[PDB]
Amino acid sequence: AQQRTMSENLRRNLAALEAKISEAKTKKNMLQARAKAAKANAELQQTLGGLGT
Amino acid sequence: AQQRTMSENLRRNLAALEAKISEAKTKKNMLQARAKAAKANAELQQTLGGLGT
Amino acid sequence: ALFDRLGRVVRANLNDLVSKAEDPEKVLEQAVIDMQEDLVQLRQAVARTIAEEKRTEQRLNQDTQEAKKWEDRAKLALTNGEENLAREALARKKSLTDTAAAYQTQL
Amino acid sequence: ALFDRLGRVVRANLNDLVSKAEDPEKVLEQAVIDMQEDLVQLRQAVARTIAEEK
Amino acid sequence: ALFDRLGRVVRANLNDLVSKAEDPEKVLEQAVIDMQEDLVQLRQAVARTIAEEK
Amino acid sequence: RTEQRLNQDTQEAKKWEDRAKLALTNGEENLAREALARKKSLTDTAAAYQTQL
Amino acid sequence: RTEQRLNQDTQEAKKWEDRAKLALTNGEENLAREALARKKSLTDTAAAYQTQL
Amino acid sequence: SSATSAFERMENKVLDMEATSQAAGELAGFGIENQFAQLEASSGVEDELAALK
Amino acid sequence: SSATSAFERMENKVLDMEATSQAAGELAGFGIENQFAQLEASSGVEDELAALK
Amino acid sequence: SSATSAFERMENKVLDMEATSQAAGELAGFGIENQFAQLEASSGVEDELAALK
């Protein structure tokens, strides 16, 4: 019963941690794409802009 | 009971520090924005003026 | 200031010497290059300040919906009989409400 | 106290210098790896707990 | 301030000297290349955005 | 090159025109609008080439 | 060369107005004002060029 | 120096980059709405032309 | 000592920069609002013309 | 230095470690009950939906 009670704390928290990591992992991917987009955009605004010699 | 009474204060002590950290996090972002904004005005003023020299 | 007057002649003659080298078809053209460089820097500065205004706007809204998620649990808990859980949720909601307010003002 | 403030001032700039040297794509990915590595160990513990249980 | 004006005067002439050395056909074509190079990178970003989307 | 581009584009706008009439007749409104956006773009570009010519 | 620049501003001003009319017909009131403000700017630019000419 | 804090730091940097790009563009000469409205309305009338035919 | 009193100084140093910048604007003369309000009104006359069309 | 005492020493160290983990988590941002209640109740209504069907 003690073993089951303690493995139940652990499985619940395992489940919680699993989900929280997975949130981060899927955000990691889209955030990289977002970063690339910003980098390209700035370079283009500079190149296209006439505010330069 | 003796440990639990001490523990109550210890929980309250930590939370009080977190409140200061909450103030500080907001203050930081604004101080960065303010410093940059102020400089742009100064840079503009020098560009606008200069005097015969 | 007799010495100062001698140093004044040195300044005046230097100003004249430099103004010999000022051409009538080059210095003007440059003076206008410099102004474009001034403008670019300023734009970038303005953009980077506008950026944080938007960034504050992102944070702010989140707190408003997070506050709702706490309430929902507070209602459930009170319906069930889980009274202890309800109070913690309400206390957190009040905290998010203050955080959002602070952000709105900041915005 | 001026000495201690000098040290803090030096540490600050050094904190910024190394902060400037990071690039998001690399650091963000590196963070996920760390979270994964940690998870694997937490699972192992779930592994033993289950085996003793059996 | 006369010193700073001297420097500006020197930089000006140097700006003209190198301006004189450019030839339009080459510089104009070279500008288009730059615009193209930049575009290719902006597209790649559209590429990732789409892949994560899928 | 300008002559070809102007005409090389028009004809395409037409095909998109026919595609839009089929999409409309078959029951495809959102598809028809898309083809028309495509038509319209080639049409606007075509005017630009015309003046340039 | 001044004569080339000058005319352009005169037709660019028209292109802004056209959008100002559309926007006001639709209900896009915000877009209309920006267009009008830009048109006024081009009108001044053309004037300055005409005088210069 | 933690993953959670490390992650959060890199995320905010990127969001400021996305803004950096938007701002940098606004100052340079951006917007792309003017034309969009005109194309949307015109595309409207295209749907009408498609429905007629 | 170094602590909640490092901040103290830095926050004040930022505020002094803002205050100096604002004073510089006053003392050079404000042309900004003089141009702006007049520009907006100038557009407002043309709103009627655009609306009429 | 005995087995019984040695055993007891290592056991208590571990129990303080288990607490160390619980506490460390509470301060960090833990709990995982909020969601659990919502899932339990919702799962209730799922059983009801299963019984209906």
# chains A, B, ... in the order shown; residues from 1 in each chain; ligands from 1
>>> calpha_fit_and_write(fixed="chain E", moving="chain D", output="PDB file with C-alpha atoms, in the first residue's frame")
ATOM      1  CA  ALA D   1      35.820  72.235 -33.067  1.00  0.00           C
ATOM      2  CA  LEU D   2      38.180  73.131 -35.869  1.00  0.00           C
ATOM      3  CA  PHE D   3      39.877  69.767 -35.512  1.00  0.00           C
ATOM      4  CA  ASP D   4      36.591  67.841 -35.877  1.00  0.00           C
ATOM      5  CA  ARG D   5      35.781  70.011 -38.963  1.00  0.00           C
ATOM      6  CA  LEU D   6      39.236  68.984 -40.385  1.00  0.00           C
ATOM      7  CA  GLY D   7      38.377  65.359 -39.998  1.00  0.00           C
ATOM      8  CA  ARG D   8      34.946  65.825 -41.675  1.00  0.00           C
ATOM      9  CA  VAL D   9      36.614  67.691 -44.514  1.00  0.00           C
ATOM     10  CA  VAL D  10      39.084  64.755 -45.040  1.00  0.00           C
ATOM     11  CA  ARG D  11      36.319  62.143 -44.867  1.00  0.00           C
ATOM     12  CA  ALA D  12      34.297  64.140 -47.395  1.00  0.00           C
ATOM     13  CA  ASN D  13      36.994  64.148 -50.077  1.00  0.00           C
ATOM     14  CA  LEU D  14      37.666  60.454 -49.441  1.00  0.00           C
ATOM     15  CA  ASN D  15      33.877  59.830 -49.919  1.00  0.00           C
ATOM     16  CA  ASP D  16      34.077  61.575 -53.261  1.00  0.00           C
ATOM     17  CA  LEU D  17      37.229  59.852 -54.370  1.00  0.00           C
ATOM     18  CA  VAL D  18      35.762  56.400 -53.962  1.00  0.00           C
ATOM     19  CA  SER D  19      32.378  57.663 -55.432  1.00  0.00           C
ATOM     20  CA  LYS D  20      34.206  58.778 -58.552  1.00  0.00           C
ATOM     21  CA  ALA D  21      35.748  55.246 -58.875  1.00  0.00           C
ATOM     22  CA  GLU D  22      32.350  53.497 -59.194  1.00  0.00           C
ATOM     23  CA  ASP D  23      30.868  52.835 -62.554  1.00  0.00           C
ATOM     24  CA  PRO D  24      27.055  52.528 -62.783  1.00  0.00           C
ATOM     25  CA  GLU D  25      26.654  49.284 -64.681  1.00  0.00           C
ATOM     26  CA  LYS D  26      28.604  47.392 -62.128  1.00  0.00           C
ATOM     27  CA  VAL D  27      27.229  49.002 -58.947  1.00  0.00           C
ATOM     28  CA  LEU D  28      23.591  48.882 -60.086  1.00  0.00           C
ATOM     29  CA  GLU D  29      23.808  45.132 -60.982  1.00  0.00           C
ATOM     30  CA  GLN D  30      25.707  44.528 -57.666  1.00  0.00           C
ATOM     31  CA  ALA D  31      22.753  46.192 -55.779  1.00  0.00           C
ATOM     32  CA  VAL D  32      20.271  43.778 -57.384  1.00  0.00           C
ATOM     33  CA  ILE D  33      22.402  40.834 -56.392  1.00  0.00           C
ATOM     34  CA  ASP D  34      22.306  42.065 -52.744  1.00  0.00           C
ATOM     35  CA  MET D  35      18.512  42.368 -52.866  1.00  0.00           C
ATOM     36  CA  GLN D  36      18.315  38.826 -54.232  1.00  0.00           C
ATOM     37  CA  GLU D  37      20.648  37.356 -51.615  1.00  0.00           C
ATOM     38  CA  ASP D  38      18.578  38.940 -48.857  1.00  0.00           C
ATOM     39  CA  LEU D  39      15.315  37.638 -50.336  1.00  0.00           C
ATOM     40  CA  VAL D  40      16.537  34.031 -50.390  1.00  0.00           C
ATOM     41  CA  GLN D  41      17.080  34.156 -46.609  1.00  0.00           C
ATOM     42  CA  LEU D  42      13.676  35.708 -45.964  1.00  0.00           C
ATOM     43  CA  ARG D  43      12.161  32.829 -47.927  1.00  0.00           C
ATOM     44  CA  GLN D  44      13.949  30.198 -45.847  1.00  0.00           C
ATOM     45  CA  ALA D  45      12.308  31.664 -42.767  1.00  0.00           C
ATOM     46  CA  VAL D  46       8.903  31.181 -44.640  1.00  0.00           C
ATOM     47  CA  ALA D  47      10.081  27.675 -45.241  1.00  0.00           C
ATOM     48  CA  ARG D  48      10.466  26.834 -41.438  1.00  0.00           C
ATOM     49  CA  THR D  49       7.315  28.683 -40.473  1.00  0.00           C
ATOM     50  CA  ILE D  50       5.369  26.485 -42.947  1.00  0.00           C
ATOM     51  CA  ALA D  51       7.125  23.202 -41.767  1.00  0.00           C
ATOM     52  CA  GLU D  52       6.311  23.811 -38.043  1.00  0.00           C
ATOM     53  CA  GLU D  53       2.759  24.695 -39.228  1.00  0.00           C
ATOM     54  CA  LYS D  54       2.430  21.257 -40.903  1.00  0.00           C
TER      55      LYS D  54
END
>>> residues_around(residues="region 14-20 of chain G", least_positions_apart="3", cutoff="7 Å", atoms="only C-alpha atoms", output="JSON, numbers by chain")
{"G": [10, 11, 23, 24, 32, 35, 36, 39], "H": [34, 38], "I": [50]}
>>> interface_residues(of="chain I", to="chain D", cutoff="10 Å", atoms="only C-alpha atoms", output="ChimeraX atom specification")
/I:1-3,5-6
>>> calpha_fit_and_write(fixed="chain J", moving="chain H", output="PDB file with N, CA, C and O atoms, in the first residue's frame")
ATOM      1  N   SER H   1      29.073   3.524  14.301  1.00  0.00           N
ATOM      2  CA  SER H   1      29.765   2.831  13.221  1.00  0.00           C
ATOM      3  C   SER H   1      29.186   1.436  13.002  1.00  0.00           C
ATOM      4  O   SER H   1      29.734   0.640  12.240  1.00  0.00           O
ATOM      5  N   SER H   2      28.076   1.150  13.674  1.00  0.00           N
ATOM      6  CA  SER H   2      27.422  -0.148  13.553  1.00  0.00           C
ATOM      7  C   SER H   2      26.458  -0.172  12.372  1.00  0.00           C
ATOM      8  O   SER H   2      26.055   0.875  11.866  1.00  0.00           O
ATOM      9  N   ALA H   3      26.093  -1.373  11.937  1.00  0.00           N
ATOM     10  CA  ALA H   3      25.176  -1.537  10.815  1.00  0.00           C
ATOM     11  C   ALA H   3      23.813  -0.926  11.123  1.00  0.00           C
ATOM     12  O   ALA H   3      23.242  -0.211  10.299  1.00  0.00           O
ATOM     13  N   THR H   4      23.298  -1.212  12.314  1.00  0.00           N
ATOM     14  CA  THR H   4      22.002  -0.692  12.733  1.00  0.00           C
ATOM     15  C   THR H   4      22.005   0.832  12.752  1.00  0.00           C
ATOM     16  O   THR H   4      21.107   1.471  12.203  1.00  0.00           O
ATOM     17  N   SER H   5      23.037   1.412  13.357  1.00  0.00           N
ATOM     18  CA  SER H   5      23.168   2.862  13.416  1.00  0.00           C
ATOM     19  C   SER H   5      23.512   3.413  12.033  1.00  0.00           C
ATOM     20  O   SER H   5      23.008   4.461  11.628  1.00  0.00           O
ATOM     21  N   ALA H   6      24.370   2.695  11.312  1.00  0.00           N
ATOM     22  CA  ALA H   6      24.783   3.091   9.973  1.00  0.00           C
ATOM     23  C   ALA H   6      23.608   3.164   9.030  1.00  0.00           C
ATOM     24  O   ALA H   6      23.472   4.119   8.271  1.00  0.00           O
ATOM     25  N   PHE H   7      22.727   2.141   9.091  1.00  0.00           N
ATOM     26  CA  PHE H   7      21.502   1.979   8.347  1.00  0.00           C
ATOM     27  C   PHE H   7      20.548   3.112   8.638  1.00  0.00           C
ATOM     28  O   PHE H   7      20.026   3.738   7.719  1.00  0.00           O
ATOM     29  N   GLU H   8      20.324   3.391   9.950  1.00  0.00           N
ATOM     30  CA  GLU H   8      19.437   4.414  10.459  1.00  0.00           C
ATOM     31  C   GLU H   8      19.857   5.790  10.008  1.00  0.00           C
ATOM     32  O   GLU H   8      19.019   6.588   9.597  1.00  0.00           O
ATOM     33  N   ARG H   9      21.184   6.070  10.026  1.00  0.00           N
ATOM     34  CA  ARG H   9      21.767   7.312   9.569  1.00  0.00           C
ATOM     35  C   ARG H   9      21.502   7.578   8.108  1.00  0.00           C
ATOM     36  O   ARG H   9      21.113   8.686   7.739  1.00  0.00           O
ATOM     37  N   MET H  10      21.685   6.545   7.244  1.00  0.00           N
ATOM     38  CA  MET H  10      21.490   6.679   5.819  1.00  0.00           C
ATOM     39  C   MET H  10      20.022   6.828   5.476  1.00  0.00           C
ATOM     40  O   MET H  10      19.676   7.601   4.587  1.00  0.00           O
ATOM     41  N   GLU H  11      19.125   6.117   6.205  1.00  0.00           N
ATOM     42  CA  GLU H  11      17.683   6.210   6.079  1.00  0.00           C
ATOM     43  C   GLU H  11      17.112   7.607   6.328  1.00  0.00           C
ATOM     44  O   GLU H  11      16.322   8.093   5.524  1.00  0.00           O
ATOM     45  N   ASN H  12      17.497   8.284   7.449  1.00  0.00           N
ATOM     46  CA  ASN H  12      17.031   9.614   7.862  1.00  0.00           C
ATOM     47  C   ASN H  12      17.486  10.662   6.872  1.00  0.00           C
ATOM     48  O   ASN H  12      16.716  11.558   6.543  1.00  0.00           O
ATOM     49  N   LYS H  13      18.744  10.543   6.353  1.00  0.00           N
ATOM     50  CA  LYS H  13      19.354  11.399   5.341  1.00  0.00           C
ATOM     51  C   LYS H  13      18.506  11.436   4.107  1.00  0.00           C
ATOM     52  O   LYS H  13      18.209  12.502   3.575  1.00  0.00           O
ATOM     53  N   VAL H  14      18.065  10.242   3.663  1.00  0.00           N
ATOM     54  CA  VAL H  14      17.178  10.057   2.548  1.00  0.00           C
ATOM     55  C   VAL H  14      15.797  10.646   2.741  1.00  0.00           C
ATOM     56  O   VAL H  14      15.259  11.249   1.818  1.00  0.00           O
ATOM     57  N   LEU H  15      15.191  10.512   3.946  1.00  0.00           N
ATOM     58  CA  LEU H  15      13.883  11.056   4.270  1.00  0.00           C
ATOM     59  C   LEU H  15      13.910  12.569   4.223  1.00  0.00           C
ATOM     60  O   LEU H  15      12.970  13.181   3.724  1.00  0.00           O
ATOM     61  N   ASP H  16      15.025  13.199   4.690  1.00  0.00           N
ATOM     62  CA  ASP H  16      15.272  14.632   4.607  1.00  0.00           C
ATOM     63  C   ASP H  16      15.442  15.018   3.146  1.00  0.00           C
ATOM     64  O   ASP H  16      15.055  16.122   2.797  1.00  0.00           O
ATOM     65  N   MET H  17      16.001  14.133   2.262  1.00  0.00           N
ATOM     66  CA  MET H  17      16.138  14.353   0.822  1.00  0.00           C
ATOM     67  C   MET H  17      14.825  14.383   0.123  1.00  0.00           C
ATOM     68  O   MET H  17      14.611  15.218  -0.752  1.00  0.00           O
ATOM     69  N   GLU H  18      13.896  13.490   0.523  1.00  0.00           N
ATOM     70  CA  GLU H  18      12.565  13.410  -0.018  1.00  0.00           C
ATOM     71  C   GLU H  18      11.799  14.685   0.322  1.00  0.00           C
ATOM     72  O   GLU H  18      11.131  15.278  -0.523  1.00  0.00           O
ATOM     73  N   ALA H  19      12.003  15.170   1.542  1.00  0.00           N
ATOM     74  CA  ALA H  19      11.408  16.429   1.966  1.00  0.00           C
ATOM     75  C   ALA H  19      12.082  17.571   1.188  1.00  0.00           C
ATOM     76  O   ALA H  19      11.403  18.445   0.648  1.00  0.00           O
ATOM     77  N   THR H  20      13.415  17.555   1.131  1.00  0.00           N
ATOM     78  CA  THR H  20      14.188  18.578   0.401  1.00  0.00           C
ATOM     79  C   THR H  20      13.555  18.794  -0.947  1.00  0.00           C
ATOM     80  O   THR H  20      13.346  19.933  -1.347  1.00  0.00           O
ATOM     81  N   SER H  21      13.222  17.700  -1.672  1.00  0.00           N
ATOM     82  CA  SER H  21      12.609  17.742  -2.984  1.00  0.00           C
ATOM     83  C   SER H  21      11.232  18.376  -2.970  1.00  0.00           C
ATOM     84  O   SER H  21      10.923  19.191  -3.837  1.00  0.00           O
ATOM     85  N   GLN H  22      10.369  17.993  -1.984  1.00  0.00           N
ATOM     86  CA  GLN H  22       9.015  18.500  -1.834  1.00  0.00           C
ATOM     87  C   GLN H  22       9.033  20.003  -1.584  1.00  0.00           C
ATOM     88  O   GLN H  22       8.313  20.756  -2.229  1.00  0.00           O
ATOM     89  N   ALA H  23       9.869  20.417  -0.635  1.00  0.00           N
ATOM     90  CA  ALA H  23      10.006  21.822  -0.282  1.00  0.00           C
ATOM     91  C   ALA H  23      10.534  22.601  -1.476  1.00  0.00           C
ATOM     92  O   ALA H  23       9.888  23.534  -1.953  1.00  0.00           O
ATOM     93  N   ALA H  24      11.712  22.214  -1.957  1.00  0.00           N
ATOM     94  CA  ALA H  24      12.330  22.878  -3.098  1.00  0.00           C
ATOM     95  C   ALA H  24      11.316  23.133  -4.209  1.00  0.00           C
ATOM     96  O   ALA H  24      11.371  24.156  -4.890  1.00  0.00           O
ATOM     97  N   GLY H  25      10.391  22.194  -4.385  1.00  0.00           N
ATOM     98  CA  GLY H  25       9.370  22.314  -5.409  1.00  0.00           C
ATOM     99  C   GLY H  25       8.302  23.331  -5.052  1.00  0.00           C
ATOM    100  O   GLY H  25       7.917  24.157  -5.879  1.00  0.00           O
ATOM    101  N   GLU H  26       7.822  23.267  -3.814  1.00  0.00           N
ATOM    102  CA  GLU H  26       6.792  24.186  -3.344  1.00  0.00           C
ATOM    103  C   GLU H  26       7.199  25.638  -3.569  1.00  0.00           C
ATOM    104  O   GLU H  26       6.409  26.444  -4.062  1.00  0.00           O
ATOM    105  N   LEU H  27       8.434  25.965  -3.204  1.00  0.00           N
ATOM    106  CA  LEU H  27       8.945  27.316  -3.364  1.00  0.00           C
ATOM    107  C   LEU H  27       9.079  27.642  -4.845  1.00  0.00           C
ATOM    108  O   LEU H  27       8.707  28.731  -5.281  1.00  0.00           O
ATOM    109  N   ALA H  28       9.608  26.699  -5.621  1.00  0.00           N
ATOM    110  CA  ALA H  28       9.757  26.933  -7.031  1.00  0.00           C
ATOM    111  C   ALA H  28       8.523  27.247  -7.820  1.00  0.00           C
ATOM    112  O   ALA H  28       8.568  28.090  -8.715  1.00  0.00           O
ATOM    113  N   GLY H  29       7.412  26.546  -7.535  1.00  0.00           N
ATOM    114  CA  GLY H  29       6.190  26.703  -8.272  1.00  0.00           C
ATOM    115  C   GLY H  29       5.700  25.316  -8.546  1.00  0.00           C
ATOM    116  O   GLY H  29       5.952  24.772  -9.620  1.00  0.00           O
ATOM    117  N   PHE H  30       4.998  24.731  -7.581  1.00  0.00           N
ATOM    118  CA  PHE H  30       4.467  23.381  -7.729  1.00  0.00           C
ATOM    119  C   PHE H  30       3.043  23.283  -7.193  1.00  0.00           C
ATOM    120  O   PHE H  30       2.353  24.294  -7.048  1.00  0.00           O
ATOM    121  N   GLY H  31       2.608  22.062  -6.901  1.00  0.00           N
ATOM    122  CA  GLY H  31       1.273  21.830  -6.382  1.00  0.00           C
ATOM    123  C   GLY H  31       0.532  20.756  -7.154  1.00  0.00           C
ATOM    124  O   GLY H  31       0.208  19.701  -6.609  1.00  0.00           O
ATOM    125  N   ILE H  32       0.268  21.013  -8.430  1.00  0.00           N
ATOM    126  CA  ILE H  32      -0.429  20.048  -9.275  1.00  0.00           C
ATOM    127  C   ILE H  32      -1.648  19.423  -8.595  1.00  0.00           C
ATOM    128  O   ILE H  32      -1.692  18.216  -8.357  1.00  0.00           O
ATOM    129  N   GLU H  33      -2.642  20.253  -8.295  1.00  0.00           N
ATOM    130  CA  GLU H  33      -3.886  19.807  -7.676  1.00  0.00           C
ATOM    131  C   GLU H  33      -4.988  20.497  -8.463  1.00  0.00           C
ATOM    132  O   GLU H  33      -5.975  19.891  -8.875  1.00  0.00           O
ATOM    133  N   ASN H  34      -4.771  21.790  -8.664  1.00  0.00           N
ATOM    134  CA  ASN H  34      -5.642  22.685  -9.436  1.00  0.00           C
ATOM    135  C   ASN H  34      -6.252  21.961 -10.630  1.00  0.00           C
ATOM    136  O   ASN H  34      -7.458  21.731 -10.658  1.00  0.00           O
ATOM    137  N   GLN H  35      -5.404  21.576 -11.625  1.00  0.00           N
ATOM    138  CA  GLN H  35      -5.713  20.800 -12.819  1.00  0.00           C
ATOM    139  C   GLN H  35      -6.345  19.469 -12.503  1.00  0.00           C
ATOM    140  O   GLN H  35      -7.272  19.064 -13.192  1.00  0.00           O
ATOM    141  N   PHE H  36      -5.813  18.731 -11.493  1.00  0.00           N
ATOM    142  CA  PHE H  36      -6.253  17.405 -11.092  1.00  0.00           C
ATOM    143  C   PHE H  36      -7.721  17.356 -10.743  1.00  0.00           C
ATOM    144  O   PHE H  36      -8.432  16.480 -11.224  1.00  0.00           O
ATOM    145  N   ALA H  37      -8.207  18.343  -9.954  1.00  0.00           N
ATOM    146  CA  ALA H  37      -9.597  18.529  -9.591  1.00  0.00           C
ATOM    147  C   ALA H  37     -10.454  18.728 -10.788  1.00  0.00           C
ATOM    148  O   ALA H  37     -11.562  18.202 -10.858  1.00  0.00           O
ATOM    149  N   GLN H  38      -9.947  19.523 -11.759  1.00  0.00           N
ATOM    150  CA  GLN H  38     -10.696  19.815 -12.945  1.00  0.00           C
ATOM    151  C   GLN H  38     -10.814  18.629 -13.844  1.00  0.00           C
ATOM    152  O   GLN H  38     -11.865  18.412 -14.438  1.00  0.00           O
ATOM    153  N   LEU H  39      -9.748  17.809 -13.915  1.00  0.00           N
ATOM    154  CA  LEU H  39      -9.742  16.603 -14.683  1.00  0.00           C
ATOM    155  C   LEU H  39     -10.637  15.538 -14.068  1.00  0.00           C
ATOM    156  O   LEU H  39     -11.322  14.844 -14.807  1.00  0.00           O
ATOM    157  N   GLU H  40     -10.677  15.413 -12.710  1.00  0.00           N
ATOM    158  CA  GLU H  40     -11.472  14.460 -11.939  1.00  0.00           C
ATOM    159  C   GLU H  40     -12.951  14.732 -12.169  1.00  0.00           C
ATOM    160  O   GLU H  40     -13.705  13.815 -12.484  1.00  0.00           O
ATOM    161  N   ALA H  41     -13.355  15.990 -12.022  1.00  0.00           N
ATOM    162  CA  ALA H  41     -14.746  16.374 -12.228  1.00  0.00           C
ATOM    163  C   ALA H  41     -15.148  16.152 -13.683  1.00  0.00           C
ATOM    164  O   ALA H  41     -16.169  15.525 -13.966  1.00  0.00           O
ATOM    165  N   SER H  42     -14.338  16.670 -14.601  1.00  0.00           N
ATOM    166  CA  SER H  42     -14.597  16.527 -16.006  1.00  0.00           C
ATOM    167  C   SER H  42     -14.715  15.053 -16.402  1.00  0.00           C
ATOM    168  O   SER H  42     -15.553  14.723 -17.234  1.00  0.00           O
ATOM    169  N   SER H  43     -13.872  14.145 -15.813  1.00  0.00           N
ATOM    170  CA  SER H  43     -13.816  12.698 -16.050  1.00  0.00           C
ATOM    171  C   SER H  43     -15.075  12.058 -15.549  1.00  0.00           C
ATOM    172  O   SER H  43     -15.579  11.111 -16.141  1.00  0.00           O
ATOM    173  N   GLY H  44     -15.651  12.643 -14.482  1.00  0.00           N
ATOM    174  CA  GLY H  44     -16.949  12.340 -13.952  1.00  0.00           C
ATOM    175  C   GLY H  44     -18.033  12.434 -14.980  1.00  0.00           C
ATOM    176  O   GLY H  44     -18.808  11.502 -15.184  1.00  0.00           O
ATOM    177  N   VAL H  45     -18.114  13.621 -15.622  1.00  0.00           N
ATOM    178  CA  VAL H  45     -19.054  13.944 -16.669  1.00  0.00           C
ATOM    179  C   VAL H  45     -18.804  13.102 -17.906  1.00  0.00           C
ATOM    180  O   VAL H  45     -19.739  12.793 -18.635  1.00  0.00           O
ATOM    181  N   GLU H  46     -17.549  12.641 -18.139  1.00  0.00           N
ATOM    182  CA  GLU H  46     -17.222  11.722 -19.208  1.00  0.00           C
ATOM    183  C   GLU H  46     -17.866  10.372 -19.010  1.00  0.00           C
ATOM    184  O   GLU H  46     -18.360   9.788 -19.968  1.00  0.00           O
ATOM    185  N   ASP H  47     -17.897   9.864 -17.748  1.00  0.00           N
ATOM    186  CA  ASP H  47     -18.502   8.597 -17.350  1.00  0.00           C
ATOM    187  C   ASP H  47     -19.966   8.652 -17.592  1.00  0.00           C
ATOM    188  O   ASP H  47     -20.574   7.687 -18.044  1.00  0.00           O
ATOM    189  N   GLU H  48     -20.536   9.845 -17.327  1.00  0.00           N
ATOM    190  CA  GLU H  48     -21.910  10.136 -17.564  1.00  0.00           C
ATOM    191  C   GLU H  48     -22.268  10.106 -19.029  1.00  0.00           C
ATOM    192  O   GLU H  48     -23.293   9.547 -19.413  1.00  0.00           O
ATOM    193  N   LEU H  49     -21.394  10.690 -19.883  1.00  0.00           N
ATOM    194  CA  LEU H  49     -21.513  10.667 -21.321  1.00  0.00           C
ATOM    195  C   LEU H  49     -21.395   9.249 -21.862  1.00  0.00           C
ATOM    196  O   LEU H  49     -22.118   8.886 -22.786  1.00  0.00           O
ATOM    197  N   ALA H  50     -20.515   8.400 -21.260  1.00  0.00           N
ATOM    198  CA  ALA H  50     -20.298   7.009 -21.623  1.00  0.00           C
ATOM    199  C   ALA H  50     -21.547   6.223 -21.304  1.00  0.00           C
ATOM    200  O   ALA H  50     -21.960   5.420 -22.129  1.00  0.00           O
ATOM    201  N   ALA H  51     -22.168   6.428 -20.106  1.00  0.00           N
ATOM    202  CA  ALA H  51     -23.372   5.746 -19.647  1.00  0.00           C
ATOM    203  C   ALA H  51     -24.573   6.071 -20.504  1.00  0.00           C
ATOM    204  O   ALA H  51     -25.338   5.167 -20.813  1.00  0.00           O
ATOM    205  N   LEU H  52     -24.737   7.352 -20.942  1.00  0.00           N
ATOM    206  CA  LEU H  52     -25.779   7.844 -21.841  1.00  0.00           C
ATOM    207  C   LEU H  52     -25.760   7.103 -23.146  1.00  0.00           C
ATOM    208  O   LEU H  52     -26.776   6.586 -23.605  1.00  0.00           O
ATOM    209  N   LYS H  53     -24.563   7.067 -23.772  1.00  0.00           N
ATOM    210  CA  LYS H  53     -24.345   6.443 -25.044  1.00  0.00           C
ATOM    211  C   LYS H  53     -24.327   4.927 -24.970  1.00  0.00           C
ATOM    212  O   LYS H  53     -24.689   4.260 -25.938  1.00  0.00           O
TER     213      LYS H  53
END
>>> calpha_fit_rmsd(fixed="chain A", moving="chain B")
1.3 Å
>>> residues_around(residues="residue 45 (chain G)", least_positions_apart="4", cutoff="8 Å", atoms="only C-alpha atoms", output="mmCIF file with N, CA, C and O atoms, in the first residue's frame")
data_model
loop_
_atom_site.group_PDB
_atom_site.id
_atom_site.type_symbol
_atom_site.label_atom_id
_atom_site.label_comp_id
_atom_site.auth_asym_id
_atom_site.auth_seq_id
_atom_site.Cartn_x
_atom_site.Cartn_y
_atom_site.Cartn_z
ATOM 1 N N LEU G 6 9.522 65.924 -60.611
ATOM 2 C CA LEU G 6 8.387 66.779 -60.392
ATOM 3 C C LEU G 6 7.068 66.171 -60.778
ATOM 4 O O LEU G 6 6.094 66.274 -60.036
ATOM 5 N N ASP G 9 5.671 63.096 -58.586
ATOM 6 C CA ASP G 9 4.991 63.491 -57.353
ATOM 7 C C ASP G 9 3.532 63.798 -57.638
ATOM 8 O O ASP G 9 2.661 63.440 -56.848
ATOM 9 N N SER G 41 1.864 66.162 -48.492
ATOM 10 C CA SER G 41 3.317 66.144 -48.534
ATOM 11 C C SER G 41 3.892 66.112 -49.940
ATOM 12 O O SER G 41 4.825 66.856 -50.226
ATOM 13 N N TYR G 49 9.645 71.525 -56.474
ATOM 14 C CA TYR G 49 10.242 71.168 -57.745
ATOM 15 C C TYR G 49 9.876 72.073 -58.906
ATOM 16 O O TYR G 49 10.757 72.416 -59.687
#
>>> atom_distance(atom1="CA of residue 101 (chain C)", atom2="CA of residue 64 (chain C)")
9.3 Å
>>> closest_atom_pairs(of="chain C", to="chain B", cutoff="12 Å", atoms="only C-alpha atoms", output="CSV")
residue,atom,partner,partner_atom,distance
C:15,CA,B:53,CA,9.9
C:31,CA,B:47,CA,11.7
C:34,CA,B:47,CA,10.1
C:35,CA,B:47,CA,8.2
C:36,CA,B:47,CA,11.3
C:37,CA,B:47,CA,11.1
C:38,CA,B:47,CA,7.6
C:39,CA,B:44,CA,9.0
C:40,CA,B:40,CA,11.5
C:41,CA,B:40,CA,8.9
C:42,CA,B:40,CA,6.2
C:43,CA,B:40,CA,9.0
C:44,CA,B:40,CA,9.6
C:45,CA,B:40,CA,6.4
C:46,CA,B:37,CA,7.1
C:47,CA,B:37,CA,10.1
C:48,CA,B:36,CA,8.3
C:49,CA,B:33,CA,5.8
C:50,CA,B:33,CA,8.9
C:51,CA,B:33,CA,9.4
C:52,CA,B:33,CA,7.0
C:53,CA,B:33,CA,8.7
C:54,CA,B:33,CA,11.9
C:55,CA,B:29,CA,10.1
C:56,CA,B:29,CA,9.1
C:59,CA,B:26,CA,11.1
C:60,CA,B:26,CA,11.7
C:95,CA,B:19,CA,10.3
C:96,CA,B:22,CA,11.5
C:98,CA,B:22,CA,11.1
C:99,CA,B:22,CA,8.9
C:100,CA,B:26,CA,11.4
C:102,CA,B:26,CA,8.5
C:103,CA,B:26,CA,8.4
C:104,CA,B:26,CA,11.9
C:105,CA,B:26,CA,11.5
C:106,CA,B:30,CA,7.9
C:107,CA,B:30,CA,10.0
